[PDB]
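Novice: What follows is protein32.cif, mmCIF, C-alpha atoms and all ligand atoms.
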data_entry
#
loop_
_atom_site.group_PDB
_atom_site.id
_atom_site.type_symbol
_atom_site.label_atom_id
_atom_site.label_comp_id
_atom_site.auth_asym_id
_atom_site.auth_seq_id
_atom_site.Cartn_x
_atom_site.Cartn_y
_atom_site.Cartn_z
ATOM 1 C CA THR A 2 0.000 0.000 0.000
ATOM 2 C CA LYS A 3 1.173 3.459 -1.011
ATOM 3 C CA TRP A 4 -0.064 6.643 0.708
ATOM 4 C CA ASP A 5 0.646 10.339 0.118
ATOM 5 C CA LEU A 6 1.161 12.734 3.003
ATOM 6 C CA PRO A 7 1.197 16.475 2.381
ATOM 7 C CA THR A 8 2.913 18.854 4.759
ATOM 8 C CA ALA A 9 3.021 22.631 4.510
ATOM 9 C CA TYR A 10 6.622 22.960 5.853
ATOM 10 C CA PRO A 11 10.104 22.483 4.356
ATOM 11 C CA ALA A 12 12.423 19.499 4.744
ATOM 12 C CA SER A 13 14.584 21.385 7.296
ATOM 13 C CA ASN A 14 11.595 21.997 9.574
ATOM 14 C CA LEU A 15 11.439 20.034 12.865
ATOM 15 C CA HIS A 16 7.921 18.608 12.139
ATOM 16 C CA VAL A 17 9.048 17.395 8.686
ATOM 17 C CA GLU A 18 12.322 15.972 10.010
ATOM 18 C CA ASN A 19 10.019 14.026 12.406
ATOM 19 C CA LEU A 20 7.635 13.050 9.581
ATOM 20 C CA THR A 21 10.648 11.734 7.632
ATOM 21 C CA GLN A 22 11.557 9.400 10.522
ATOM 22 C CA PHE A 23 7.857 8.521 10.911
ATOM 23 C CA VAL A 24 7.541 7.312 7.315
ATOM 24 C CA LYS A 25 10.720 5.215 7.848
ATOM 25 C CA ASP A 26 9.160 3.742 11.037
ATOM 26 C CA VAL A 27 5.916 2.838 9.211
ATOM 27 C CA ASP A 28 7.943 1.092 6.492
ATOM 28 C CA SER A 29 10.097 -0.794 9.031
ATOM 29 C CA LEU A 30 7.267 -1.765 11.420
ATOM 30 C CA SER A 31 4.807 -2.763 8.666
ATOM 31 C CA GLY A 32 7.532 -4.800 6.937
ATOM 32 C CA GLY A 33 7.219 -2.580 3.868
ATOM 33 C CA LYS A 34 3.485 -3.132 3.437
ATOM 34 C CA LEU A 35 2.812 0.598 3.943
ATOM 35 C CA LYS A 36 4.941 3.134 2.083
ATOM 36 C CA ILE A 37 4.243 6.796 2.710
ATOM 37 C CA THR A 38 5.452 9.476 0.361
ATOM 38 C CA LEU A 39 5.881 12.901 1.918
ATOM 39 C CA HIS A 40 5.057 15.988 -0.105
ATOM 40 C CA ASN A 41 6.793 18.814 1.650
ATOM 41 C CA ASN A 42 6.808 22.591 1.569
ATOM 42 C CA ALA A 43 3.119 22.733 0.464
ATOM 43 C CA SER A 44 4.117 21.196 -2.896
ATOM 44 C CA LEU A 45 0.963 19.032 -3.188
ATOM 45 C CA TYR A 46 -1.504 20.653 -0.827
ATOM 46 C CA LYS A 47 -1.154 23.976 1.035
ATOM 47 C CA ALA A 48 -1.785 24.500 4.775
ATOM 48 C CA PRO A 49 -5.432 25.584 4.476
ATOM 49 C CA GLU A 50 -6.164 22.642 2.113
ATOM 50 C CA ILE A 51 -4.759 19.595 3.904
ATOM 51 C CA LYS A 52 -7.708 18.728 6.190
ATOM 52 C CA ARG A 53 -10.144 18.736 3.240
ATOM 53 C CA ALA A 54 -7.631 16.669 1.212
ATOM 54 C CA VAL A 55 -7.585 13.941 3.907
ATOM 55 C CA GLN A 56 -11.354 14.236 4.543
ATOM 56 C CA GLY A 57 -12.098 13.405 0.874
ATOM 57 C CA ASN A 58 -9.430 10.708 0.910
ATOM 58 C CA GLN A 59 -7.492 12.588 -1.817
ATOM 59 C CA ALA A 60 -4.519 12.109 0.522
ATOM 60 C CA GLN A 61 -4.914 9.162 2.946
ATOM 61 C CA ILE A 62 -2.873 10.948 5.633
ATOM 62 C CA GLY A 63 -1.795 14.564 6.105
ATOM 63 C CA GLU A 64 -0.319 17.121 8.509
ATOM 64 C CA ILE A 65 -2.333 20.189 9.540
ATOM 65 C CA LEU A 66 -1.893 23.108 11.969
ATOM 66 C CA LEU A 67 -4.914 22.783 14.252
ATOM 67 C CA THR A 68 -5.453 26.531 14.634
ATOM 68 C CA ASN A 69 -5.855 26.980 10.846
ATOM 69 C CA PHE A 70 -9.280 25.443 11.422
ATOM 70 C CA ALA A 71 -10.446 27.664 14.300
ATOM 71 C CA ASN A 72 -13.306 29.102 12.226
ATOM 72 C CA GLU A 73 -14.718 25.642 11.500
ATOM 73 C CA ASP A 74 -15.064 24.514 15.126
ATOM 74 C CA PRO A 75 -13.902 25.905 18.531
ATOM 75 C CA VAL A 76 -11.950 22.682 19.323
ATOM 76 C CA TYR A 77 -9.340 23.802 16.748
ATOM 77 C CA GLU A 78 -8.748 27.217 18.381
ATOM 78 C CA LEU A 79 -7.760 26.010 21.860
ATOM 79 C CA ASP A 80 -3.962 25.714 21.558
ATOM 80 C CA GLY A 81 -3.763 29.175 19.918
ATOM 81 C CA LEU A 82 -5.339 31.064 22.838
ATOM 82 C CA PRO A 83 -2.588 33.264 24.414
ATOM 83 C CA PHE A 84 -1.483 32.927 28.023
ATOM 84 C CA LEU A 85 -3.397 29.746 28.773
ATOM 85 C CA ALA A 86 -0.572 27.188 28.375
ATOM 86 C CA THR A 87 2.797 28.861 28.125
ATOM 87 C CA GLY A 88 5.288 25.970 28.316
ATOM 88 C CA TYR A 89 5.812 22.402 27.064
ATOM 89 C CA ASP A 90 4.297 20.695 30.133
ATOM 90 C CA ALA A 91 1.219 22.922 30.229
ATOM 91 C CA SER A 92 0.922 22.498 26.460
ATOM 92 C CA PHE A 93 1.019 18.683 26.719
ATOM 93 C CA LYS A 94 -1.611 18.794 29.473
ATOM 94 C CA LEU A 95 -3.787 21.133 27.392
ATOM 95 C CA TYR A 96 -3.424 18.658 24.550
ATOM 96 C CA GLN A 97 -4.496 15.702 26.733
ATOM 97 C CA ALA A 98 -7.578 17.690 27.839
ATOM 98 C CA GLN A 99 -8.385 18.590 24.185
ATOM 99 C CA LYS A 100 -7.615 15.246 22.610
ATOM 100 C CA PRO A 101 -10.897 13.349 23.201
ATOM 101 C CA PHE A 102 -12.873 16.260 21.747
ATOM 102 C CA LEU A 103 -10.470 16.601 18.767
ATOM 103 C CA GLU A 104 -10.849 12.880 18.063
ATOM 104 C CA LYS A 105 -14.637 13.107 18.380
ATOM 105 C CA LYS A 106 -14.827 16.063 15.960
ATOM 106 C CA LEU A 107 -12.478 14.378 13.498
ATOM 107 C CA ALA A 108 -14.510 11.153 13.731
ATOM 108 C CA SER A 109 -17.719 13.048 12.730
ATOM 109 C CA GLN A 110 -15.968 13.778 9.407
ATOM 110 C CA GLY A 111 -14.427 10.317 8.859
ATOM 111 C CA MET A 112 -10.887 11.055 10.122
ATOM 112 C CA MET A 113 -8.542 9.785 12.820
ATOM 113 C CA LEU A 114 -5.985 11.665 14.893
ATOM 114 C CA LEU A 115 -2.714 9.810 14.527
ATOM 115 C CA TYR A 116 -0.460 12.090 16.553
ATOM 116 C CA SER A 117 -0.063 15.765 17.460
ATOM 117 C CA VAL A 118 3.065 17.770 18.261
ATOM 118 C CA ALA A 119 3.600 21.258 19.620
ATOM 119 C CA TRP A 120 5.559 23.930 17.797
ATOM 120 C CA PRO A 121 7.932 25.842 20.148
ATOM 121 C CA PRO A 122 6.641 28.690 22.373
ATOM 122 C CA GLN A 123 5.465 31.628 20.320
ATOM 123 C CA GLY A 124 7.222 34.974 20.420
ATOM 124 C CA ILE A 125 6.983 38.259 18.549
ATOM 125 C CA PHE A 126 9.328 39.021 15.690
ATOM 126 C CA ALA A 127 9.593 42.813 15.331
ATOM 127 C CA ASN A 128 11.873 45.741 14.568
ATOM 128 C CA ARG A 129 10.090 47.837 17.213
ATOM 129 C CA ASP A 130 10.659 48.200 20.911
ATOM 130 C CA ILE A 131 7.754 46.408 22.585
ATOM 131 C CA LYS A 132 7.538 46.874 26.333
ATOM 132 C CA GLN A 133 3.720 46.900 26.442
ATOM 133 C CA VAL A 134 0.803 45.872 24.212
ATOM 134 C CA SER A 135 0.272 49.452 22.985
ATOM 135 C CA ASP A 136 3.741 49.355 21.375
ATOM 136 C CA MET A 137 2.166 46.932 18.868
ATOM 137 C CA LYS A 138 -0.507 49.248 17.445
ATOM 138 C CA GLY A 139 -0.080 49.647 13.689
ATOM 139 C CA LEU A 140 2.370 46.766 13.194
ATOM 140 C CA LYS A 141 2.319 45.307 9.628
ATOM 141 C CA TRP A 142 1.615 41.847 10.999
ATOM 142 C CA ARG A 143 1.891 38.454 9.301
ATOM 143 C CA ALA A 144 -0.783 36.051 10.517
ATOM 144 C CA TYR A 145 -0.500 32.307 9.975
ATOM 145 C CA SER A 146 -4.009 31.481 11.236
ATOM 146 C CA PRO A 147 -7.449 33.030 11.977
ATOM 147 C CA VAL A 148 -6.509 33.113 15.663
ATOM 148 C CA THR A 149 -3.256 34.898 15.077
ATOM 149 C CA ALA A 150 -5.165 37.415 12.898
ATOM 150 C CA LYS A 151 -7.543 37.942 15.857
ATOM 151 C CA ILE A 152 -4.620 38.520 18.246
ATOM 152 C CA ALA A 153 -3.206 41.099 15.806
ATOM 153 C CA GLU A 154 -6.550 42.897 15.681
ATOM 154 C CA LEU A 155 -6.795 42.848 19.461
ATOM 155 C CA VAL A 156 -3.408 44.575 19.892
ATOM 156 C CA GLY A 157 -4.203 47.098 17.132
ATOM 157 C CA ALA A 158 -1.897 45.483 14.564
ATOM 158 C CA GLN A 159 -2.963 45.032 10.933
ATOM 159 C CA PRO A 160 -2.673 41.459 9.844
ATOM 160 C CA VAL A 161 -2.406 39.690 6.561
ATOM 161 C CA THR A 162 -2.221 35.891 6.278
ATOM 162 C CA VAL A 163 0.917 34.461 4.734
ATOM 163 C CA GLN A 164 1.717 30.744 4.771
ATOM 164 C CA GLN A 165 5.230 29.773 5.867
ATOM 165 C CA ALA A 166 6.065 28.699 2.288
ATOM 166 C CA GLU A 167 5.482 32.358 1.222
ATOM 167 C CA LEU A 168 6.918 34.119 4.297
ATOM 168 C CA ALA A 169 10.472 34.758 3.111
ATOM 169 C CA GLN A 170 9.053 36.474 0.027
ATOM 170 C CA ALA A 171 6.538 38.567 2.026
ATOM 171 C CA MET A 172 9.392 39.825 4.225
ATOM 172 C CA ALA A 173 11.734 40.420 1.286
ATOM 173 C CA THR A 174 9.115 42.600 -0.425
ATOM 174 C CA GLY A 175 8.069 44.375 2.804
ATOM 175 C CA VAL A 176 4.395 43.432 2.933
ATOM 176 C CA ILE A 177 4.884 42.552 6.635
ATOM 177 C CA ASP A 178 7.401 43.807 9.255
ATOM 178 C CA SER A 179 6.415 41.690 12.266
ATOM 179 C CA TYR A 180 4.709 38.455 13.324
ATOM 180 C CA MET A 181 4.251 35.867 16.072
ATOM 181 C CA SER A 182 5.787 32.404 15.550
ATOM 182 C CA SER A 183 8.553 30.107 16.838
ATOM 183 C CA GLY A 184 12.349 30.461 16.699
ATOM 184 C CA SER A 185 12.049 27.444 14.360
ATOM 185 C CA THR A 186 10.115 29.403 11.690
ATOM 186 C CA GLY A 187 12.212 32.526 12.260
ATOM 187 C CA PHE A 188 15.390 30.566 11.580
ATOM 188 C CA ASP A 189 14.086 28.441 8.691
ATOM 189 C CA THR A 190 12.858 31.501 6.760
ATOM 190 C CA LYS A 191 15.984 33.525 7.592
ATOM 191 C CA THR A 192 13.777 36.147 9.325
ATOM 192 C CA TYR A 193 16.960 37.636 10.823
ATOM 193 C CA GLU A 194 17.770 39.168 7.416
ATOM 194 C CA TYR A 195 14.731 41.482 7.722
ATOM 195 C CA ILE A 196 13.540 41.505 11.314
ATOM 196 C CA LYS A 197 15.937 42.120 14.207
ATOM 197 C CA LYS A 198 14.164 41.282 17.502
ATOM 198 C CA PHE A 199 12.346 38.256 18.924
ATOM 199 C CA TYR A 200 10.427 38.822 22.161
ATOM 200 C CA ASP A 201 10.350 35.373 23.779
ATOM 201 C CA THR A 202 6.767 35.724 25.048
ATOM 202 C CA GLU A 203 6.144 31.946 25.013
ATOM 203 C CA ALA A 204 2.527 33.044 24.538
ATOM 204 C CA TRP A 205 1.196 29.707 23.302
ATOM 205 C CA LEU A 206 2.380 26.471 21.719
ATOM 206 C CA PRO A 207 0.289 25.674 18.671
ATOM 207 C CA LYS A 208 0.191 22.030 17.536
ATOM 208 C CA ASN A 209 0.316 20.278 14.203
ATOM 209 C CA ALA A 210 -1.681 17.076 13.866
ATOM 210 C CA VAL A 211 -1.274 14.160 11.531
ATOM 211 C CA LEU A 212 -4.747 13.057 10.405
ATOM 212 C CA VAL A 213 -5.680 9.799 8.725
ATOM 213 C CA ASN A 214 -8.690 9.022 6.540
ATOM 214 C CA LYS A 215 -10.732 6.272 8.331
ATOM 215 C CA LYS A 216 -11.688 4.510 5.065
ATOM 216 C CA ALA A 217 -8.017 4.424 3.997
ATOM 217 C CA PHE A 218 -7.004 3.094 7.433
ATOM 218 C CA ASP A 219 -9.746 0.418 7.346
ATOM 219 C CA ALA A 220 -8.492 -0.968 4.033
ATOM 220 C CA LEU A 221 -5.192 -1.990 5.660
ATOM 221 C CA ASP A 222 -4.641 -5.353 7.306
ATOM 222 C CA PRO A 223 -4.636 -5.441 11.155
ATOM 223 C CA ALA A 224 -0.840 -5.761 11.511
ATOM 224 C CA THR A 225 -0.269 -2.810 9.168
ATOM 225 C CA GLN A 226 -2.856 -0.789 11.113
ATOM 226 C CA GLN A 227 -1.001 -1.564 14.342
ATOM 227 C CA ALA A 228 2.320 -0.736 12.699
ATOM 228 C CA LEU A 229 0.896 2.691 11.731
ATOM 229 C CA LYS A 230 -0.479 3.385 15.210
ATOM 230 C CA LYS A 231 2.842 2.367 16.812
ATOM 231 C CA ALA A 232 4.806 4.472 14.351
ATOM 232 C CA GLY A 233 2.362 7.297 15.242
ATOM 233 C CA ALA A 234 3.037 6.962 19.001
ATOM 234 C CA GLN A 235 6.821 6.940 18.421
ATOM 235 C CA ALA A 236 6.399 10.058 16.189
ATOM 236 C CA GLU A 237 4.501 11.908 18.913
ATOM 237 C CA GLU A 238 7.171 11.111 21.522
ATOM 238 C CA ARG A 239 10.040 12.048 19.215
ATOM 239 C CA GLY A 240 8.266 15.204 17.926
ATOM 240 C CA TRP A 241 7.642 16.681 21.381
ATOM 241 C CA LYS A 242 11.236 15.734 22.246
ATOM 242 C CA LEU A 243 12.780 17.442 19.196
ATOM 243 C CA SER A 244 10.536 20.503 19.492
ATOM 244 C CA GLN A 245 11.668 21.271 23.060
ATOM 245 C CA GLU A 246 15.314 20.265 22.540
ATOM 246 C CA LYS A 247 15.822 22.435 19.444
ATOM 247 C CA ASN A 248 14.013 25.483 20.841
ATOM 248 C CA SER A 249 17.139 26.677 22.700
ATOM 249 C CA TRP A 250 19.275 25.841 19.638
ATOM 250 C CA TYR A 251 17.131 28.047 17.397
ATOM 251 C CA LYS A 252 17.161 30.968 19.847
ATOM 252 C CA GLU A 253 20.984 30.888 20.192
ATOM 253 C CA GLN A 254 21.407 30.445 16.428
ATOM 254 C CA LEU A 255 19.085 33.426 15.751
ATOM 255 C CA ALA A 256 21.306 35.381 18.154
ATOM 256 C CA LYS A 257 24.429 34.156 16.300
ATOM 257 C CA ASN A 258 22.751 35.693 13.237
ATOM 258 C CA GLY A 259 22.215 39.146 14.756
ATOM 259 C CA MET A 260 18.689 38.926 16.211
ATOM 260 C CA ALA A 261 18.056 40.253 19.729
ATOM 261 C CA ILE A 262 16.410 37.535 21.808
ATOM 262 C CA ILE A 263 14.452 39.442 24.456
ATOM 263 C CA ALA A 264 12.530 38.222 27.528
ATOM 264 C CA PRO A 265 9.202 40.083 27.708
ATOM 265 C CA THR A 266 8.583 42.739 30.402
ATOM 266 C CA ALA A 267 6.002 41.802 33.044
ATOM 267 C CA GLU A 268 3.900 44.606 31.534
ATOM 268 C CA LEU A 269 3.949 43.077 28.045
ATOM 269 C CA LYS A 270 3.007 39.683 29.478
ATOM 270 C CA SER A 271 0.207 41.195 31.591
ATOM 271 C CA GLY A 272 -1.252 43.053 28.567
ATOM 272 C CA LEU A 273 -1.188 39.912 26.423
ATOM 273 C CA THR A 274 -2.690 37.974 29.334
ATOM 274 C CA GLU A 275 -5.603 40.434 29.279
ATOM 275 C CA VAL A 276 -5.980 39.736 25.504
ATOM 276 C CA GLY A 277 -5.797 36.007 26.285
ATOM 277 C CA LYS A 278 -8.577 36.237 28.942
ATOM 278 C CA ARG A 279 -10.793 38.121 26.497
ATOM 279 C CA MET A 280 -10.124 35.454 23.843
ATOM 280 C CA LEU A 281 -10.811 32.601 26.319
ATOM 281 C CA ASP A 282 -14.097 34.252 27.309
ATOM 282 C CA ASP A 283 -15.041 34.552 23.628
ATOM 283 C CA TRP A 284 -13.940 30.921 23.086
ATOM 284 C CA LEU A 285 -15.994 29.589 26.022
ATOM 285 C CA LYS A 286 -19.015 31.414 24.554
ATOM 286 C CA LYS A 287 -18.495 29.895 21.089
ATOM 287 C CA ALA A 288 -17.680 26.467 22.454
ATOM 288 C CA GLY A 289 -20.464 26.039 25.032
ATOM 289 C CA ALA A 290 -20.451 22.993 27.273
ATOM 290 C CA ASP A 291 -17.602 21.233 25.376
ATOM 291 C CA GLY A 292 -15.387 24.271 25.910
ATOM 292 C CA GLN A 293 -16.038 24.219 29.656
ATOM 293 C CA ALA A 294 -15.335 20.480 29.827
ATOM 294 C CA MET A 295 -11.994 20.929 28.047
ATOM 295 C CA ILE A 296 -10.969 23.814 30.247
ATOM 296 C CA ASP A 297 -12.001 21.918 33.411
ATOM 297 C CA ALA A 298 -9.999 18.841 32.348
ATOM 298 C CA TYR A 299 -6.986 21.040 31.600
ATOM 299 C CA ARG A 300 -7.246 22.758 34.971
ATOM 300 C CA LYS A 301 -7.428 19.345 36.708
ATOM 301 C CA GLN A 302 -4.069 18.200 35.392
HETATM 302 O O1 LIG A 401 5.670 28.249 15.135
HETATM 303 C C1 LIG A 401 4.951 28.225 14.124
HETATM 304 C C2 LIG A 401 3.462 28.049 14.181
HETATM 305 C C3 LIG A 401 3.056 27.925 12.725
HETATM 306 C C4 LIG A 401 4.334 28.123 11.909
HETATM 307 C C5 LIG A 401 4.172 29.396 11.111
HETATM 308 O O2 LIG A 401 4.737 30.424 11.520
HETATM 309 O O3 LIG A 401 3.498 29.435 10.074
HETATM 310 N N1 LIG A 401 5.500 28.319 12.791
#
Re-express the file's structure as structure tokens.
Specialist:
Amino acid sequence: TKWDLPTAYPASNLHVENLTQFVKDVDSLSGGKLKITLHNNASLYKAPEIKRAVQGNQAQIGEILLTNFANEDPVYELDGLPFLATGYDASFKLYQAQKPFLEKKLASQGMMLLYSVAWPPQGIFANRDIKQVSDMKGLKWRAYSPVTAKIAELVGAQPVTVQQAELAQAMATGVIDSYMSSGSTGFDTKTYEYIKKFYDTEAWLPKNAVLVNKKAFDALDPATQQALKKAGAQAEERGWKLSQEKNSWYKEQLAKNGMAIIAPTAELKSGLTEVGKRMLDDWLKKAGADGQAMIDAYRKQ
């Protein structure tokens, strides 16, 4: 059996490095009965397209950024809310709280959640001095999701969505001067050529998820199914591992390259916390009882 797996990120990206090992694990564990071809850097499907591609079984498996789908259902927005889970442990616990509801929602559309891994803690790339939220008014902001567009609007920035595959170009032509993302993305797009500061706000840790079409899964023999699930579990473990481990490497490498890595003032964090509380209120209202259940489970961990 041959499957195709689109990802929106380049070969050098930590999630794709992990996906590369994952496809090798599926081959090895399934004894070669399942071969997955990776289509990287949005070459086959682009970020906004991948969930629909797997839903229709155009690709049997695919990697998405959960928060790209925040407008479709509140469950997708959760790991993009600022100042709710601001480290790897809190992020993993938020994930565990979210997971049953993510799986339920995906199941309603004929998909399975294979594994999910957090991007590194999100900071602000800017050329400006930002000591408080007001210092962000009027920023030419690059969003990578609906939620990150909302955050921009809430700080008075002016966002435009640009996928990572188009980010280097958007910076090089000056359409955007600032954004929130990881040291990972900053490094991989050589953001240091155009933008000189990264405020290490660790505001959230958004996850990617590898989704599988249920019908495609069901067509496989039991051993091959189990090989895929085991490869999936190994991928989750390794992905969280590599995400956290490389985070310090990217920050120090960005510094090597002339970027100022700056811890946020208490004032900047408090202002963004206020934005976060507003967004969580809004989210609870959209999400209803399921939102409350998720937040309760997260707060119990
Ligand atoms: O850290 C991240 C989250 C999504 C991706 C991006 O900037 O598009 N990099």
Novice: Just checking: using all atoms listed in the file, which residue out of A:191, A:231, A:270, A:208 ends up closest to residue A:251?
Specialist: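 The answer is A:191, which sits nearest to residue A:251.
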Novice: With only C-alpha atoms as the basis for distance, which of A:179, A:170, A:87, A:109 is at the shortest distance from residue A:141?
Specialist: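 Of A:179, A:170, A:87, A:109, the one nearest residue A:141 is A:179, counting only C-alpha atoms.
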Novice: Each side padded by 4 Å, which centre and which edge lengths in Å (one decimal) define the axis-aligned box around the listed atoms of stretch 105-108 of chain A? Give them as AutoDock Vina command-line options.
Specialist:
--center_x -13.7 --center_y 13.6 --center_z 15.9 --size_x 10.3 --size_y 12.9 --size_z 12.9
Novice: Give me, as a ChimeraX atom specification, all polymer residues having an atom no more than 6 Å from residue A:11, counting all atoms listed in the file and skipping those fewer than 2 positions away in the same chain.
Specialist: /A:13-14,41-42
Novice: Nearest to residue A:103: which of A:79, A:118, A:20, A:27 is it, counting all atoms listed in the file?
Specialist: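 Ranked by minimum distance to residue A:103, first place goes to A:79.
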Novice: Around ligand LIG 401 (chain A), at most 9 Å away and counting only C-alpha atoms and all ligand atoms, which residues are there? Put them as a short mmCIF file (atom, residue, chain, number, x, y, z; two decimals) with C-alpha atoms, in the frame of the given file, please.
Specialist:
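Output file pocket_26.cif follows:
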data_model
loop_
_atom_site.label_atom_id
_atom_site.label_comp_id
_atom_site.auth_asym_id
_atom_site.auth_seq_id
_atom_site.Cartn_x
_atom_site.Cartn_y
_atom_site.Cartn_z
CA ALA A 9 3.02 22.63 4.51
CA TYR A 10 6.62 22.96 5.85
CA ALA A 48 -1.78 24.50 4.78
CA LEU A 66 -1.89 23.11 11.97
CA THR A 68 -5.45 26.53 14.63
CA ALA A 119 3.60 21.26 19.62
CA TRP A 120 5.56 23.93 17.80
CA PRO A 121 7.93 25.84 20.15
CA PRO A 122 6.64 28.69 22.37
CA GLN A 123 5.46 31.63 20.32
CA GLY A 124 7.22 34.97 20.42
CA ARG A 143 1.89 38.45 9.30
CA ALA A 144 -0.78 36.05 10.52
CA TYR A 145 -0.50 32.31 9.98
CA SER A 146 -4.01 31.48 11.24
CA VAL A 163 0.92 34.46 4.73
CA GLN A 164 1.72 30.74 4.77
CA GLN A 165 5.23 29.77 5.87
CA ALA A 166 6.06 28.70 2.29
CA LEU A 168 6.92 34.12 4.30
CA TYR A 180 4.71 38.46 13.32
CA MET A 181 4.25 35.87 16.07
CA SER A 182 5.79 32.40 15.55
CA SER A 183 8.55 30.11 16.84
CA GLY A 184 12.35 30.46 16.70
CA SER A 185 12.05 27.44 14.36
CA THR A 186 10.12 29.40 11.69
CA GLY A 187 12.21 32.53 12.26
CA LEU A 206 2.38 26.47 21.72
CA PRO A 207 0.29 25.67 18.67
CA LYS A 208 0.19 22.03 17.54
CA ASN A 209 0.32 20.28 14.20
#
Novice: So how far away is atom CA of residue A:65 from atom CA of residue A:44, in Å?
Specialist: 14.0 Å
Novice: List the residues selected by the PyMOL selection byres (((chain A and resi 215) around 8) and not hetatm) in the file shown, writing them as a count of residues only.
Specialist: 9
Novice: Hey, what's within 12 Å of residue A:284 if we count only C-alpha atoms and toss same-chain stuff fewer than 3 positions away? As number ranges by chain, please?
Specialist: A: 71-72, 74-83, 148, 151, 277-281, 287-293, 295-296
Novice: My list of candidates is A:26, A:5, A:201, A:178. Which is closest to residue A:236 when distances are computed with only C-alpha atoms?
Specialist: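 Ranking A:26, A:5, A:201, A:178 by distance to residue A:236, first place goes to A:26.
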Novice: Compare A:92, A:258, A:2, A:174 by their minimum atom-to-atom distance to residue A:31, counting only C-alpha atoms, and give me the closest one.
Specialist: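 The closest residue to residue A:31 is A:2.
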Novice: Quick check, in Å to one decimal: how far apart do atom CA of residue A:64 and atom CA of residue A:8 lie?
Specialist: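 The value is 5.2 Å.
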